[PDB]
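Scroll down for the structure; my scribbles are underneath it.
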Amino acid sequence: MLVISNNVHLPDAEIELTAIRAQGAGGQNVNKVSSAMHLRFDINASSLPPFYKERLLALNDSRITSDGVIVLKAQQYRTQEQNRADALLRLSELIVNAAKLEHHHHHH
């Protein structure tokens, strides 16, 4: 569960955590998995309050989709585990970021 607020919780089911494998391999021949993790969070479908939905949707960030879905790919760290944690922190930071700011995104 992704705790955002005390009375606001994000069920794991509403968070699509994916892992990117090296397509074309994995079933005999070329046996090494890519460290690319994938994050997809349906703001549309999730139980997020209208406030948070609007804050994210009306963001100046290009990782925001018009349908309200957070889609990223963490291919930075050596392990998908660390990229998983990155993505989760990245998501939460982004959510709070849009809330703590007034507008824009390129400004801290």
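Letters A, B, ... go to the chains of the structure tokens in the order shown; residues in each chain start at 1; ligands are counted from 1 in the same order.
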### strand (DSSP E or B) residues, from DSSP on the backbone, in stretch 8-71 of chain A, as a ChimeraX atom specification
/A:9-10,15-19,37-42,64,69-71
### In chain A, DSSP alpha helix (DSSP H) residues written as a ChimeraX atom specification
/A:50-57,80-100
Dump of N, CA and C atoms for the selected residues, as a PDB file, in the first residue's frame:
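What follows is the written file selection-v2.pdb:
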```pdb
ATOM      1  N   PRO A  50     -10.098  13.914  -5.928  1.00  0.00           N
ATOM      2  CA  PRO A  50     -10.114  14.832  -7.078  1.00  0.00           C
ATOM      3  C   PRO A  50      -8.992  15.866  -7.022  1.00  0.00           C
ATOM      4  N   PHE A  51      -8.693  16.332  -5.812  1.00  0.00           N
ATOM      5  CA  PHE A  51      -7.642  17.319  -5.597  1.00  0.00           C
ATOM      6  C   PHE A  51      -6.307  16.832  -6.153  1.00  0.00           C
ATOM      7  N   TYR A  52      -5.880  15.654  -5.710  1.00  0.00           N
ATOM      8  CA  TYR A  52      -4.605  15.097  -6.130  1.00  0.00           C
ATOM      9  C   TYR A  52      -4.602  14.801  -7.625  1.00  0.00           C
ATOM     10  N   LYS A  53      -5.730  14.312  -8.134  1.00  0.00           N
ATOM     11  CA  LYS A  53      -5.865  14.013  -9.556  1.00  0.00           C
ATOM     12  C   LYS A  53      -5.652  15.267 -10.402  1.00  0.00           C
ATOM     13  N   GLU A  54      -6.279  16.366  -9.997  1.00  0.00           N
ATOM     14  CA  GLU A  54      -6.163  17.627 -10.720  1.00  0.00           C
ATOM     15  C   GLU A  54      -4.751  18.193 -10.637  1.00  0.00           C
ATOM     16  N   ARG A  55      -4.132  18.077  -9.471  1.00  0.00           N
ATOM     17  CA  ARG A  55      -2.769  18.570  -9.276  1.00  0.00           C
ATOM     18  C   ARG A  55      -1.796  17.869 -10.215  1.00  0.00           C
ATOM     19  N   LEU A  56      -1.960  16.561 -10.355  1.00  0.00           N
ATOM     20  CA  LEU A  56      -1.095  15.765 -11.217  1.00  0.00           C
ATOM     21  C   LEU A  56      -1.398  16.012 -12.692  1.00  0.00           C
ATOM     22  N   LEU A  57      -2.678  15.979 -13.036  1.00  0.00           N
ATOM     23  CA  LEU A  57      -3.114  16.163 -14.418  1.00  0.00           C
ATOM     24  C   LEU A  57      -2.688  17.532 -14.952  1.00  0.00           C
ATOM     25  N   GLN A  80      16.676  -4.297 -10.643  1.00  0.00           N
ATOM     26  CA  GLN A  80      15.296  -3.836 -10.768  1.00  0.00           C
ATOM     27  C   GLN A  80      14.702  -3.537  -9.399  1.00  0.00           C
ATOM     28  N   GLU A  81      15.239  -4.182  -8.370  1.00  0.00           N
ATOM     29  CA  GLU A  81      14.835  -3.922  -6.992  1.00  0.00           C
ATOM     30  C   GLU A  81      15.085  -2.463  -6.618  1.00  0.00           C
ATOM     31  N   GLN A  82      16.291  -1.984  -6.895  1.00  0.00           N
ATOM     32  CA  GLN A  82      16.651  -0.609  -6.581  1.00  0.00           C
ATOM     33  C   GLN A  82      15.868   0.358  -7.461  1.00  0.00           C
ATOM     34  N   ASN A  83      15.647  -0.025  -8.716  1.00  0.00           N
ATOM     35  CA  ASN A  83      14.855   0.798  -9.628  1.00  0.00           C
ATOM     36  C   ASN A  83      13.392   0.811  -9.193  1.00  0.00           C
ATOM     37  N   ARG A  84      12.961  -0.285  -8.577  1.00  0.00           N
ATOM     38  CA  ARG A  84      11.614  -0.390  -8.022  1.00  0.00           C
ATOM     39  C   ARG A  84      11.442   0.638  -6.916  1.00  0.00           C
ATOM     40  N   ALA A  85      12.405   0.651  -6.001  1.00  0.00           N
ATOM     41  CA  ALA A  85      12.409   1.606  -4.899  1.00  0.00           C
ATOM     42  C   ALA A  85      12.516   3.036  -5.418  1.00  0.00           C
ATOM     43  N   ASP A  86      13.367   3.233  -6.424  1.00  0.00           N
ATOM     44  CA  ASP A  86      13.519   4.543  -7.062  1.00  0.00           C
ATOM     45  C   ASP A  86      12.187   5.021  -7.599  1.00  0.00           C
ATOM     46  N   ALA A  87      11.553   4.176  -8.400  1.00  0.00           N
ATOM     47  CA  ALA A  87      10.263   4.492  -9.003  1.00  0.00           C
ATOM     48  C   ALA A  87       9.217   4.863  -7.954  1.00  0.00           C
ATOM     49  N   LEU A  88       9.195   4.129  -6.848  1.00  0.00           N
ATOM     50  CA  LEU A  88       8.234   4.388  -5.782  1.00  0.00           C
ATOM     51  C   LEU A  88       8.497   5.739  -5.118  1.00  0.00           C
ATOM     52  N   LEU A  89       9.764   6.034  -4.858  1.00  0.00           N
ATOM     53  CA  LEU A  89      10.153   7.311  -4.270  1.00  0.00           C
ATOM     54  C   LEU A  89       9.926   8.427  -5.286  1.00  0.00           C
ATOM     55  N   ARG A  90      10.219   8.117  -6.536  1.00  0.00           N
ATOM     56  CA  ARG A  90      10.051   9.042  -7.644  1.00  0.00           C
ATOM     57  C   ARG A  90       8.587   9.446  -7.781  1.00  0.00           C
ATOM     58  N   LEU A  91       7.709   8.452  -7.698  1.00  0.00           N
ATOM     59  CA  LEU A  91       6.271   8.672  -7.793  1.00  0.00           C
ATOM     60  C   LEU A  91       5.779   9.548  -6.656  1.00  0.00           C
ATOM     61  N   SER A  92       6.125   9.154  -5.444  1.00  0.00           N
ATOM     62  CA  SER A  92       5.688   9.866  -4.252  1.00  0.00           C
ATOM     63  C   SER A  92       6.223  11.297  -4.226  1.00  0.00           C
ATOM     64  N   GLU A  93       7.488  11.457  -4.594  1.00  0.00           N
ATOM     65  CA  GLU A  93       8.102  12.781  -4.681  1.00  0.00           C
ATOM     66  C   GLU A  93       7.336  13.632  -5.681  1.00  0.00           C
ATOM     67  N   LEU A  94       7.061  13.061  -6.849  1.00  0.00           N
ATOM     68  CA  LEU A  94       6.345  13.764  -7.911  1.00  0.00           C
ATOM     69  C   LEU A  94       4.951  14.192  -7.435  1.00  0.00           C
ATOM     70  N   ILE A  95       4.259  13.296  -6.735  1.00  0.00           N
ATOM     71  CA  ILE A  95       2.914  13.582  -6.237  1.00  0.00           C
ATOM     72  C   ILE A  95       2.939  14.738  -5.237  1.00  0.00           C
ATOM     73  N   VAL A  96       3.820  14.647  -4.246  1.00  0.00           N
ATOM     74  CA  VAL A  96       3.946  15.701  -3.246  1.00  0.00           C
ATOM     75  C   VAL A  96       4.482  16.979  -3.885  1.00  0.00           C
ATOM     76  N   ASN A  97       5.362  16.811  -4.863  1.00  0.00           N
ATOM     77  CA  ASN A  97       5.964  17.924  -5.587  1.00  0.00           C
ATOM     78  C   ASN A  97       4.882  18.806  -6.202  1.00  0.00           C
ATOM     79  N   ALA A  98       3.943  18.170  -6.894  1.00  0.00           N
ATOM     80  CA  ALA A  98       2.843  18.875  -7.543  1.00  0.00           C
ATOM     81  C   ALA A  98       1.933  19.557  -6.525  1.00  0.00           C
ATOM     82  N   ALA A  99       1.944  19.059  -5.299  1.00  0.00           N
ATOM     83  CA  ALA A  99       1.095  19.600  -4.248  1.00  0.00           C
ATOM     84  C   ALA A  99       1.763  20.762  -3.514  1.00  0.00           C
ATOM     85  N   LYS A 100       3.070  20.661  -3.289  1.00  0.00           N
ATOM     86  CA  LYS A 100       3.786  21.654  -2.503  1.00  0.00           C
ATOM     87  C   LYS A 100       4.142  22.882  -3.324  1.00  0.00           C
TER      88      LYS A 100
END
```
### Message
Can you pull out the residues contacting residue A:65? Cut-off 12 Å, using only C-alpha atoms, and skip same-chain residues under 2 positions away; I want them as a ChimeraX atom specification.
### Response
/A:40-44,53,56-63,67-72
### Message
One number please: atom CA of residue A:107 to atom CA of residue A:8, in Å, one decimal.
### Response
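Spanning atom CA of residue A:107 to atom CA of residue A:8 is a straight-line distance of 26.9 Å.
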### Message
With only C-alpha atoms as the counted atoms, please give the residues lying no more than 7 Å from stretch 9-20 of chain A, apart from itself and same-chain residues fewer than 5 positions off, as an NGL selection string.
### Response
:A and (1-4 or 34 or 36-42 or 46-47)
### Query
So how many Å separate atom CA of residue A:22 and atom CA of residue A:35, to one decimal?
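Separation of atom CA of residue A:22 and atom CA of residue A:35: 9.2 Å.
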## Note on the structure
One decimal place gives the atom CA of residue A:77-atom CA of residue A:5 separation as 28.4 Å
